[PDB]
Each structure stands twice: as C-alpha cells, then as structure tokens.
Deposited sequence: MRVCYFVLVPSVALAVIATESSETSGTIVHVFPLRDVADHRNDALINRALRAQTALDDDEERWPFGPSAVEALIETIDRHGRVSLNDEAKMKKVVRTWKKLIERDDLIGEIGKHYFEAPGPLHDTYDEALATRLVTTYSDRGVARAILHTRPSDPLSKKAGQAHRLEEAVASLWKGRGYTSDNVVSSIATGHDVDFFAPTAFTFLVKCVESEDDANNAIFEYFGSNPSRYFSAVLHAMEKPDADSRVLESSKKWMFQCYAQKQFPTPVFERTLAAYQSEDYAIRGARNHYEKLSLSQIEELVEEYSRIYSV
C-alpha cells in the first residue's frame, strides 16, 4: 500500500498488540523516523486521526501526539524525541521533528504535568544526559523557564549540589554543549545559594558533606571555581 496507510496500520497494530517495554522503546524510534521522512505525512496522519472517533482535540498535531503517546508510552515518546534530532535546523526533516516535539510538549502541558513528571519521563539513567542540549531545550519547552528546568533537575538529584555540579562539569566536556546555557545553570546554582544570604565560605564543607543511583563523586571540590567564584560574585 501507500506510505500513509502502511504507517497508520503499523501505529494501530503497535497500539493494540500490547508489546514489551523494550519492544516499544525500539519500535517508537522506527515509527518516528518514518514520520519525518517527508513533509506530507504529519499533516495527513494528523488529519486522519482527528476525524476518527474518540476524544476531540484543537489541532491535528494534538491528535497525532495523543495517538503516539497512547501507543508508545510517555517515556518512549521522549526517547524518540531526544534520539531523532536532524542536523540542519532549516531542513524539512528538522521542521517535521520540531512539529512533533512541540505537539508532545503541548500534550504534556495540557495534562497538568509538573516539572518532576517531565524530568522523570526524560530521565535516561545517566545524570549527564539532562544537560545535553537536545534534552535541555525540550525540558525548557515543557516547563517554559530555564529556572524551573534547573530547579527540576536539581530536585531530581535529591537537592544535592555535589551531584548537580558533577553533572554540569561533565556536560562542559560535551562537544556541542551550548556553553552559555551551562553557565546559566551554574550561575543559577550560585545565585540560589547567594541571595539566600548563605555567603558562608563553608559552601566548600556543605559540598563536602553532600558528597561521599550513583554518580561521579567530584573530588574536585573546586575550592576556587566552586568556592572563590562564589566568594567574589556576591559578598
């Protein structure tokens, strides 16, 4: 058959077959890549799923996002979004990918997800992955403000500045890391300890106490970077 009919029947079969978690995490990416291959697929399938019986939506993209999230779980959709980022943002593939990602973000907002639900859905297991740009931008999309996204990541680490700083330092090494945003997160942590009127030089011993899932235990307590910088940025 054609591409639209084949992809629709694939999505329906996957939805009703009640497949394994690893099977869904593997098939969501294949379906997702099939979706963004050409620019006349998202619209046509969205229009088809809009008219089909069920709940009523406001857009076609919302209908497609609802069906995708229902078939492959909230974590499967996030997995497909993070691992299917095309290279050139001005291409047709990138446009379709952004359409799908924004539809899913609005879907999650419409269900009253908090920052913690979104972070736990994106969560992959490695604490460094939350600061990769392809995940940080989606998180900011879902929470609407970088401060709230940073707070959500900080709380997901058990409110532990040691783990947070280790993750940010590891994200510094990343090749395509938007260093401005990484310094924005580091500056946010410094600030949230700063205006608190907690300008004690003991920030060193607070970090030492908060340090020893599991993570790289920064032994590099950055007595200047993570201390002298706090020393002369404020007070």
query: Missing residue ranges, deposited sequence indexing starting at 1; finding: 1 to 66, 279 to 287, 311
